[PDB]
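>>> structure, please.
(one chain, ligands or ions: 1)
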Amino acid sequence: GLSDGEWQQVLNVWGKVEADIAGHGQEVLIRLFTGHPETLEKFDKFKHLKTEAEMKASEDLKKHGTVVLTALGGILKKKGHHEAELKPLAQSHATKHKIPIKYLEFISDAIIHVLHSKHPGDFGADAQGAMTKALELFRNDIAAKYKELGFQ
Ligand code: HEM
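Residues are numbered from 1 along each chain as shown. Pasting the structure now:
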């Protein structure tokens, strides 16, 4: 439950991401994989990446970063009205990719970390608060569908 002022901040911040969706998506995935290496095991096409240099040099990782952040962007632009957009993601991640909700927490914090990293002093406290709440909303709604499916 975000206010209009908070969604405004969210989409304001998202403008930063959209000026370089591939760069942002790349660094988010890298921060995830290096900060929580067990996450890497969920990707049959990234499990080969041992080193961070390999991650950085991988165009397919940047491609997936784009896919992920494009999907997230679409969801964020719905300002909470994302049932249609979210349900298939929740289903594919629960039943096909088998991604525990913990990993969604991991990538949420990673998004936060990357925005500070790429925009130091340009990602204010109010913007962090708004973005955090949005990612929590996202997670909580996924979490509801996970429960429904009985998935851990
Ligand atoms: C912001 C959170 C996320 C978003 C918006 C997102 C979005 C997507 C989308 C759009 C796809 C392709 C369509 C599909 O299979 O449903 C996908 C695939 C996939 N995702 Fe997620 N994802 C997120 C988080 C994660 C996390 C945290 C993990 C694992 C740690 C993960 C693991 C995977 C895997 C293994 C695939 C299939 C990759 C492939 O073989 O092409 N996702 N994701």
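>>> contacting residues for residue 66?
21, 22, 25 (C-beta atoms under 8 Å, 6 or more residues apart in numbering). Using the backbone N, CA and C atoms, a C-beta is placed for each residue, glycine as well.
>>> what do you get if the cut-off is 10 Å, keeping everything else the same?
21, 22, 23, 24, 25, 26, 73 (C-beta atoms under 10 Å, 6 or more residues apart in numbering).
>>> and the next helix or strand past the helix or strand harbouring it?
Assessed by DSSP states H and E, residue 66 sits inside helix 59-76. Of the helices and strands lying after helix 59-76 in sequence (DSSP H and E), the nearest is helix 83-91.
>>> quick check: residue 27 touching residue 116?
No. Assessed by C-beta atoms under 10 Å, residue 27 is found out of contact with residue 116, at 11.3 Å.
>>> with neighbour numbers in mind, choose between the two.
For residue 27 versus residue 116, the count of surrounding residues by other C-beta atoms under 10 Å is larger for residue 27: 22 against 12.
>>> in three-state terms, label the more buried one for me.
helix (DSSP: H, G, I helix; E, B strand; the rest coil).
>>> please name the nearest non-neighbouring residue to it.
Of all residues not flanking residue 27 in the chain, residue 114 sits nearest, at 4.8 Å (C-beta to C-beta, 6 or more residues apart in numbering).
>>> surely residue 42 touches residue 98?
Yes. Assessed by C-beta under 10 Å, residue 42 is found in contact with residue 98 at 7.3 Å.
>>> who has more neighbours out of these two?
Taking neighbours as other C-beta under 10 Å, residue 42 and residue 98 compare with residue 42 leading, 14 against 11.
>>> may I see the buried residues of stretch 110-121?
When burial is assessed from 16 or more other C-beta atoms under 10 Å, stretch 110-121 yields the following buried residues: 110, 111, 112, 114, 115.
>>> residues in contact with the second one?
Contact analysis of residue 111 by C-beta under 10 Å, 6+ apart lists 13, 17, 24-25, 27-28, 31-32, 69, 72, 131-132, 134-135.
>>> how near is it to residue 47?
22 Å (C-beta to C-beta, to the nearest Å).
>>> sorry, back to before: which ones, among the contacts of residue 111, also lie beside the ligand?
Taking C-beta under 6 Å from any ligand atom, the overlap between these and the neighbourhood of the ligand is residue 72.
>>> for the contacts of residue 111, which one is nearest residue 123?
residue 13 (7.0 Å; C-beta to C-beta).
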